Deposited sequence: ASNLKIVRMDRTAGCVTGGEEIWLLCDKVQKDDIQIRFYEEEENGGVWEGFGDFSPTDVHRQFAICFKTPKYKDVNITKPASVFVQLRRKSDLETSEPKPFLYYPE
C-alpha cells in the first residue's frame, strides 16, 4: 500500500537538514512519516509537516541527522514510508549518508 516511487536525492550529509522530495503512492498527510534506518537499529525521521505533503502524492522534507556526524566514509542506510497509525511500511530505498 505504501510506496516510495522516486526521490530527487538519494544521498546527503550526516549533519541532516537537507531538503529532499519524494513521490509516493497515496498517503494521508497526518498519518505518514519517513523513516531512515540502519540495522547494526538506528532510526531517524524526515522533518516535515502535513502542509509539506503535496496532495497526498509527494512529500518535501528535511533529512534527519545521522547517528554519527564524525564518520570518515559514506554510511549506507535505508529509507521507508511508515504509517503512524498501524506502522505499515513501504519497501525500503537505499540512502547514502556522507561526511561533512
| item | value |
| --- | --- |
| Unmodelled intervals of the deposited chain, in order | 1-2, 43-46 |
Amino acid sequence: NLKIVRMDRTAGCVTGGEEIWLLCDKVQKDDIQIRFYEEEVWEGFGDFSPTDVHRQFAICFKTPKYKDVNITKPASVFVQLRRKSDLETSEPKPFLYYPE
From here on, numbers count along this sequence of modelled residues.
| item | value |
| --- | --- |
| Stretch with the higher entry mean CA B-factor, where the candidates are 63-71 and 27-35 | 63-71 |
| Lowest, middle or highest third - CA B-factor, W42 | highest |
| Chain third (lowest, middle, highest) by recorded CA B-factor, residue given as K84 | highest |
